[PDB]
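J.: Experimental structure and sequence below, a few questions after.
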Amino acid sequence: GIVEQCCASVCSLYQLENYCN
Amino acid sequence: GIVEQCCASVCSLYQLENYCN
Amino acid sequence: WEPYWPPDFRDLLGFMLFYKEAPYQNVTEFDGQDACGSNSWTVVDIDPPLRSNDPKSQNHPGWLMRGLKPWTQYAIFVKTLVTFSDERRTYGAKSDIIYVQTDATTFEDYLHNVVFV
Amino acid sequence: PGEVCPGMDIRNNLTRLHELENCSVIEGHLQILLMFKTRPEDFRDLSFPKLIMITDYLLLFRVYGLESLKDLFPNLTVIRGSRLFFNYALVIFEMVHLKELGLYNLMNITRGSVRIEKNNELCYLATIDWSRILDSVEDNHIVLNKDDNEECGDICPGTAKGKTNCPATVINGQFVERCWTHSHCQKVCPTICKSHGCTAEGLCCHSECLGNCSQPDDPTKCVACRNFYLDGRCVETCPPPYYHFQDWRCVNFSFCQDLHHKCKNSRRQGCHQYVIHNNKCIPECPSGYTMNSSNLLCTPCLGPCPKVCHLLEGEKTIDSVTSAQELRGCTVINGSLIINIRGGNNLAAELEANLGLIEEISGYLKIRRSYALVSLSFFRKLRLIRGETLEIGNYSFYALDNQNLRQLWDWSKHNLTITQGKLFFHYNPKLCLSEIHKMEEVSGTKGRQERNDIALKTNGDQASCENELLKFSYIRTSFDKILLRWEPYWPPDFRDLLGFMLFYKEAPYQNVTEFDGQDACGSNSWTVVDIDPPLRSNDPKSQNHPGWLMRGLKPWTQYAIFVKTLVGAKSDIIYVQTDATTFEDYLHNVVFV
Amino acid sequence: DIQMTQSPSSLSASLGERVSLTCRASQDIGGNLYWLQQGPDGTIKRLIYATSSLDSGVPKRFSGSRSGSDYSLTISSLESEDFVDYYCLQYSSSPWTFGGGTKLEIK
Amino acid sequence: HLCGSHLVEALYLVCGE
Amino acid sequence: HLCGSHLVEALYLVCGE
Ligand SMILES: *[C@@H]1O[C@H](CO[C@@H]2O[C@@H](C)[C@@H](O)[C@@H](O)[C@@H]2O)[C@@H](O[C@@H]2O[C@H](CO)[C@@H](O)[C@H](O)[C@H]2NC(C)=O)[C@H](O)[C@H]1NC(C)=O
Ligand SMILES: *[C@@H]1O[C@H](CO[C@@H]2O[C@@H](C)[C@@H](O)[C@@H](O)[C@@H]2O)[C@@H](O)[C@H](O)[C@H]1NC(C)=O
């Protein structure tokens, strides 16, 4: 999950991009 | 490892601090 | 690896790739009886390639091994599927055992982890 | 009066929002979110006055420029909450610019709670009496809005100001006037009206109405229904020949049938295949039921229910007992199977336990390098391969390099149909072409049509198929033993005769075969003896008939027995029953304590 | 969020009088309620834990009780030092919440 | 690092739709 | 994001020993 990828974690500036709708 | 924490990964601006000698 | 073509090049069907985690030297085909069940060799069935004419038909059969441990030596070899041939019978060709070691850490990267807690 | 629309998810731009322009009812949810460039002007001339009801939930998140919902959804009366967003039927979150809700026609939220949070300009919240709209307000979460601070100047009075205007209700001890905006009061009906609604004059709507009506005590004049809707009327239950659908409307068989029909692929969120059960048209049969195909009707299962297994990427490779187990209970495979079994123990039984219930495979079946298999009979119930997907070269059944395969299925008993695609057989050394040819006949991979890449030289080349018959010249029973003799076998050049093989198992009646419960490698279905070739002893009287003495047999037990010549001739299956008690000796033991 | 409704918000009484303050829980909180006392200097002190258990040092004239969803603090015989502020607090569920307070004043 | 309401913001910095 | 020779640099930005 995005919460799990960047909040209860840290997400790469690209990981963050990818699924931008 | 620090390589594994920030290179083959992404490390939090704090994770990065912690063990600064 | 090389494409295999029997005398009458017609109906080429299959390759077989074998790989195991190996130390040094001491590796053989007829190793620890594969028989039926518990196996001594990791095995892949490789579909025969599509020739795409006579001039430049080396659309070299290959394989992507995944699920390998890093900094690990692998005994690897290919074989052509066992063919009952017309007249003087031949299955064909097997490659030699090559050892291939997966990548490990860059020196630079060993240093880092060491030099920085 | 207008359309029933499906649930929608509107983001980024207002463009797709106009898809709601003719909906009276949204059968699903409505989410409007993430519109960062919108401004008040974009909403000034935007209205959906036809929308009366949402069956699930309404969610609004980060929609910029929107200051009120009074013009967008002026007539939204009921949110049913059949499906909820995390227990909420109404969600208003981070609506920067929203000054009031203004849903002045919202009378009932049938199920679920309200979550209104982090709306920095939001007022006209203290003025709403939610106890008129929801049965329980205990789970409402209305926090972090402008209303939390000392800045809301909520004003209901406008016409005369403070002289006979909005209805007032109590919070704890304080009476509060109740309104949605400066120009719209909250509708409050007499208690006798319950949730049915009332006219402006205070006259109760009909008991089948929900929230509001145009005329009192008339079930054809409701704005919305308490129970079900049919032909401009609110009804308690759907009358024949109609079915209850999505817990709010009556539909006919044909409608349910249209939904059901063949949503070709999209099994994973985009099909369901609707069924009939207890006068409801529903997404799927409940537990204990299965669907009678010709009339969409759920019927109780004869024993355990059929089970459709959808494979990841449309395929699965079975290379072990463990992988086969993942299909235990399946009766239908949606996808294709690849069998790659090289070894193990008691495989025929284990494979039959896990794969024996499969009746249909929608794609193809491929058996390849399955060294361990002697038969495919473990696929006990397999009757159909559709070939909706095929192996490259348009094959629906493919058998390659199976070194011990001697049987496909027993074609005297088994029927298998192959709708589409071709057959492929190469490098099956123990499989006779007769078995393959029988399969073509049975399966309808008919010889009037197109090819099947079947090798003449690499199928059965290491097998002599049945050919000659060995006959038993002598049979002798003992209670514990059986002594047999049988014809000597001599090939064309009689030279170097080496071996016979005698098979015997404890058998009941008739139902015994050679290619039974895959002997393969390990746990066996047959007791076997290797019989050394005899010594001829010249030409005149050379019948020094090979034989064998079976010992270790149970008494009064039937034995299936047959002989074979090492890979010529096999004998037929004879049943031999070991001796039992003499009548005299049954008598004694009975007649003397 | 569990809402704790504290009543009365203010109370006038005299020395030696018996008084009760109530907190009603919007959801069942079982026995997980504290009673807090705030001095005019701002110091907060806990008097009751687990609805009825008196903390060490607290005079025995203080008692806590429960009836339905009503949790009560009772001062059996008021002393001059008791004319201060009181707050209930629930710890039964994740957002800890407080009653609105009662100021006890001299009649 | 990234969290709460900020993720939504962080994303529109990168999105700009 | 962070890597190679840059980690060493990244670290001294934060260290400043
Ligand atoms: C492979 O041989 C090793 C050791 O033998 C030598 O080293 C090899 C790398 C190769 O060069 C051989 O020709 C040499 O003779 C055997 O290793 C044993 O491994 C177990 C592992 O726990 C260990 O306990 C033993 O001490 C090792 N034996 C020795 C003599 O070192 C291994 O069995 C050989 N394997 C095969 C398949 O031949
Ligand atoms: C609302 O209904 C409108 C009706 O469409 C009109 O009639 C059809 C049969 C065609 O002639 C069409 O060209 C006309 O515009 C739609 O235009 C409109 O898109 C519908 N609302 C939605 C859901 O967008």
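T.: Great, that's in hand. Numbering: from 1, shown residues only, chains lettered A, B, ... in the order given. Ligands and ions are numbered 1, 2, ... in the order given.
J.: Show me what the biggest strand by length in chain D is packed up against.
T.: Longest strand of chain D, by residue count under DSSP state E: strand D:23-35. For strand D:23-35, the elements it packs on are strand D:3-11, strand D:53-54, strand D:58-63, judged by 3 or more Cβ pairs under 8 Å, 6 or more residues apart in numbering or on different chains; DSSP states H and E. For the C-beta atoms, the positions are set from N, CA and C on the backbone; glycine is no exception.
J.: That strand close to ligand 2?
T.: No - Strand D:23-35 does not reach ligand 2 (Cβ under 6 Å from any ligand atom); its nearest approach is 7.2 Å.
J.: list the buried ones in that strand?
T.: Residues of strand D:23-35 classed as buried: D:23, D:25-35 (neighbour count, 16 or more other Cβ atoms under 10 Å in any protein chain shown).
J.: For chain G, what's its nearest residue on the stretch 401-550 of chain D.
T.: Taking Cβ to the nearest Cβ as the measure, the stretch 401-550 of chain D has residue D:401 as its residue closest to chain G, at 47.3 Å.
J.: I'd assumed residue D:424 was in contact with that residue.
T.: No - counting by Cβ atoms under 8 Å, residue D:424 is not a contact partner of residue D:401; they are 11.3 Å apart.
J.: does the residue of the stretch 251-400 of chain D found nearest chain E belong to a helix or a strand, and which?
T.: Closest to chain E within the stretch 251-400 of chain D is residue D:269: 32.7 Å, counting by Cβ to the nearest Cβ. Following DSSP states H and E, there is no helix or strand that holds residue D:269.
J.: neighbours of it, just the number please.
T.: Residue D:269 has 6 neighbouring residues, counting by other Cβ atoms under 10 Å in any protein chain shown.
J.: how near is the residue lying closest to residue D:535 once chain neighbours are set aside to residue D:154?
T.: Nearest residue to residue D:535, sequence neighbours excluded (Cβ to Cβ, 6 or more residues apart in numbering or on different chains): residue D:544, at 6.5 Å. Here residue D:544 is placed at a distance of 116 Å from residue D:154 (Cβ to Cβ, to the nearest Å).
J.: Tell me how many other residues crowd residue D:323.
T.: By other Cβ under 10 Å, 15 other residues sit near residue D:323.
J.: residue contacts, it?
T.: Applying Cβ atoms under 8 Å, 6 or more residues apart in numbering or on different chains to residue D:323 gives the contacts D:316-317.
J.: Now do the same for the closest residue to ligand 1 within chain E: helix, strand or coil?
T.: Nearest residue of chain E to ligand 1: residue E:94, at 53.9 Å (Cβ to the nearest ligand atom). Look at residue E:94: counting by DSSP: H, G, I helix; E, B strand; the rest coil, its state is coil.
J.: I'd like to know how far it sits from residue E:14.
T.: Where residue E:14 is concerned, residue E:94 sits at a distance of 41 Å (Cβ to Cβ).
J.: for residue D:337, same thing?
T.: Taking Cβ to Cβ, one finds residue D:337 at 89 Å from residue E:14.
J.: Between those two, which is the more surrounded one?
T.: Neighbour totals were compared for residue D:337 and residue E:14, and residue D:337 leads with 23 against 10 (other Cβ under 10 Å).
J.: dump the residue contacts of residue D:320.
T.: D:341, D:344.
J.: In space, what's closest to the residue of the stretch 401-550 of chain D closest to chain G - neighbours in sequence excluded?
T.: The shortest distance from residue D:401 to any non-neighbouring residue, by Cβ to Cβ, 6+ apart, is to residue D:427 (4.2 Å).
J.: number of nearby residues for whichever residue of chain C sits closest to ligand 2?
T.: Nearest residue of chain C to ligand 2: residue C:66, at 48.0 Å (Cβ to the nearest ligand atom). Using other Cβ under 10 Å, residue C:66 has 5 neighbouring residues.
J.: quick check, it in a strand?
T.: No - if the criterion is three-state DSSP, then residue C:66 is coil and not within a strand.
J.: Chain D contacts on chain A?
T.: Neighbours of chain D within chain A, by Cβ under 8 Å from any Cβ of the partner chain: residue A:21.
J.: can you map out the helices along chain A?
T.: Counting by DSSP state H, chain A has helices at residues A:2-6.
J.: OK, contacts around the residue minimising distance to the centre of it?
T.: In chain A, the centroid-proximal residue (Cα atoms, centre = their mean) is residue A:16; its distance is 4.0 Å. By Cβ under 8 Å, 6+ apart, the contact list for residue A:16 reads A:6, F:2, F:10-11, F:14.
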